[PDB]
């Protein structure tokens with residue numbers, strides 16, 4: 007967590023936690039809690055950030071482009087796939103229709 | 022008087038060790 | 124311009140060297156303490172005639188643990204004998220880490236700088252040393268001021284300098300930004316050397332005593348058998364062993380753990396021994412009657 011007072015509460019590889027000072031570099035705003043951060047070893051202070059959840063999980067999760075599958079290349083269960091589109095796709099493309107009815111858009115399938 | 026002073030020096034060294042913090046432990050058993 | 128500011132070649136007597144070793148070893152794990160008594164003359168000569176270990180303090184190396192009641196008292200007794208020497212620094216052990224001044228200890232060593240202007244802090248690390256030679260170094264305060272004002276070059280004139288690469292990060296930062304390290308020499312008289320050197324006359328009296336003679340046969344016998352078992356692998360090894368490329372041969376005919384070497388070693392041991400055994404046996408016999 008960040009406490010606005012130029013201090014933070016960090017966990018390292020080693021088991022006890024540390025009431026550390028932020029010392030210069032990254033501003034409190036530019037930090038996000040839950041991020042992986044850079045500590046100087048001799049005195050543990052936040053000397054920056056560059057890591058940003060450097061972890062294989064982050065690798066697997068992120069996918070900025072759209073998937074390899076384009077639509078109804080898949081053959082049959084047409085009706086089925088045109089049910090998943092009513093709930094998901096339709097509110098993101100147009101919430102207008104939902105507003106006009108007076109009902110919350112469906113969320114989730 | 023002479024004997025009492027010798028107690029006073031021994032007591033001060035005991036005082037240094039007793040000074041906080043100290044490890045807390047538990048005694049599994051006394052063999053004796 | 125400025126003073127030489129060449130750290131003392133610290134001539135730590137043999138008596139002081141042995142004496143830090145005793146106090147420091149027994150006193151593990153508790154970090155021990157004491158003062159170094161000596162004399163500072165010239166610009167770079169301190170001889171540490173003797174040292175004495177202050178009573179243990181449970182607080183550890185602290186400003187608390189340095190104490191003038193003990194300081195006064197030991198020195199007053201040495202007045203009576205004429206062996207009195209002024210405080211020229213302090214030693215302590217960090218045995219739980221290598222030789223370098225702590226952040227706490229830099230404050231402490233500064234108090235001693237007021238007392239004596241050529242004060243040393245000598246860290247002796249007793250558990251980690253395996254011989255009482257390695258991981259022992261000497262130090263002397265270099266101000267915070269020096270670091271800012273770029274006065275460190277003045278400080279390393281007329282010296283060769285000693286770097287301890289091992290142990291870094293923090294520790295090393297502190298070390299570089301606090302003290303200056305210089306070589307440590309051991310001085311002894313040759314009357315001392317002769318004492319160190321000495322043994323006894325019962326040393327050689329023992330060397331004329333003879334073992335039971337059956338046991339000696341046992342060893343001669345054993346060696347012969349010993350060498351049979353390794354002579355087969357040696358026999359096997361040299362059957363061909365002509366094949367091109369040395370590196371391959373080392374795996375194939377087992378040139379590692381060399382049987383030729385191992386045979387010559389056993390033969391030679393047993394041999395020097397059996398020349399001493401026949402010699403001693405004859406000498407005693409003719410001498411006595």
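Chains as they are written, first to last, in our numbering: chain F, 7 to 115; chain A, 22 to 53; chain Y, 124 to 412.
Ideal placement from N, C-alpha and C gives every residue a C-beta, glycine not left out.
Neighbour flag for residue i against chain Y, beta carbons, 9 angstroms
| i | result |
| --- | --- |
| residue 49 of chain F | yes |
| residue 13 of chain A | In the structure as shown, chain A begins at 22 and stops at 53. Residue 13 of chain A is therefore absent and cannot be evaluated. |
Candidates the options: closest to residue i by CA position
| i | options | result |
| --- | --- | --- |
| residue 347 of chain Y | Y/248, Y/397, Y/186 | Y/397 |
| residue 157 of chain Y | Y/167, Y/133, Y/169, Y/190 | Y/190 |
| residue 375 of chain Y | Y/129, Y/362, Y/405 | Y/362 |
| residue 19 of chain F | F/95, F/99, F/87, F/42 | F/42 |
| residue 183 of chain Y | Y/197, Y/154, Y/173 | Y/154 |
| residue 58 of chain F | F/84, F/36, F/23 | F/36 |
| residue 152 of chain Y | Y/226, Y/193, Y/357, Y/220 | Y/220 |
| residue 291 of chain Y | Y/223, Y/388, Y/268 | Y/223 |
| residue 314 of chain Y | Y/132, Y/137, Y/131, Y/130 | Y/137 |
| residue 9 of chain F | F/22, F/21, F/33 | F/33 |
| residue 251 of chain Y | Y/275, Y/218, Y/283 | Y/218 |
| residue 334 of chain Y | Y/288, Y/399, Y/124 | Y/399 |
| residue 215 of chain Y | Y/203, Y/125, Y/384, Y/229 | Y/229 |
| residue 266 of chain Y | Y/142, Y/234, Y/325, Y/135 | Y/234 |
| residue 339 of chain Y | Y/256, Y/150, Y/403, Y/227 | Y/403 |
| residue 407 of chain Y | Y/331, Y/370, Y/354 | Y/331 |
| residue 304 of chain Y | Y/320, Y/286, Y/357 | Y/286 |
Per-residue contacts from residue i into chain F (C-beta, under 7 angstroms)
| i | result |
| --- | --- |
| residue 293 of chain Y | 47, 48 |
| residue 296 of chain Y | 48 |
Min CB distance residue i to chain A below 9 angstroms
| i | result |
| --- | --- |
| residue 182 of chain Y | yes |
| residue 178 of chain Y | yes |
Listed by chain order, chain Y residues near residue i by CB distance under 8 angstroms
| i | result |
| --- | --- |
| residue 38 of chain A | 181 |
Contacts that residue i makes with chain A (C-beta to C-beta distance below 7 angstroms)
| i | result |
| --- | --- |
| residue 382 of chain Y | Simply none; closest approach about 53 angstroms. |
One or two residues paired with residue i in a DSSP bridge
| i | result |
| --- | --- |
| residue 104 of chain F | Paired residue(s): none; residue 104 of chain F is not in a bridge. |
| residue 157 of chain Y | Y/214 |
| residue 26 of chain F | F/14 |
| residue 171 of chain Y | Y/135 |
| residue 43 of chain A | BP columns for residue 43 of chain A are empty, so no partner. |
| residue 261 of chain Y | Y/245 |
| residue 45 of chain F | F/52 |
| residue 308 of chain Y | Y/134 |
| residue 8 of chain F | F/14 |
Exercise for review: Could you tell me whether the segment 204-211 of chain Y touches the segment 162-170 of chain Y, where touching means 3 or more Cβ pairs closer than 8 angstroms?
Suggested key: yes
Check your understanding: Between the segment 168-187 of chain Y and the segment 261-280 of chain Y, are three or more C-beta pairs nearer than 8 angstroms?
Key -> no
Practice item. Decide if the segment 303-319 of chain Y is in contact with the segment 365-380 of chain Y; the criterion is three or more beta carbon pairs, one per stretch, under 8 angstroms apart. Key: no
Practice item. Would you check if the segment 257-266 of chain Y and the segment 33-45 of chain A touch, i.e. whether three or more CB-CB distances between them fall below 8 angstroms? Key: no
Review point. Does the segment 47-57 of chain F come close enough to the segment 21-32 of chain F that 3 or more CB-CB pairs lie under 8 angstroms?
Key: yes
Check your understanding: For the segment 379-396 of chain Y against the segment 336-347 of chain Y, are there 3 or more C-beta pairs whose distance is under 8 angstroms?
Key -> yes
Review point. Do the segment 280-296 of chain Y and the segment 239-254 of chain Y touch if we need at least three Cβ pairs shorter than 8 angstroms?
Key: With a cut-off of 8 angstroms, the segment 239-254 of chain Y and the segment 280-296 of chain Y do not count as touching, because too few Cβ pairs lie within range.
Review point. Within the chosen definition, does the segment 86-94 of chain F reach the segment 103-115 of chain F through at least 3 CB pairs nearer than 8 angstroms?
Key: yes
Check your understanding: Looking at C-beta atoms only, is the number of pairs between the segment 127-141 of chain Y and the segment 164-180 of chain Y that lie closer than 8 angstroms three or more?
Key -> Under the Cβ criterion (8 angstroms, minimum of three pairs), the segment 127-141 of chain Y counts as touching the segment 164-180 of chain Y.
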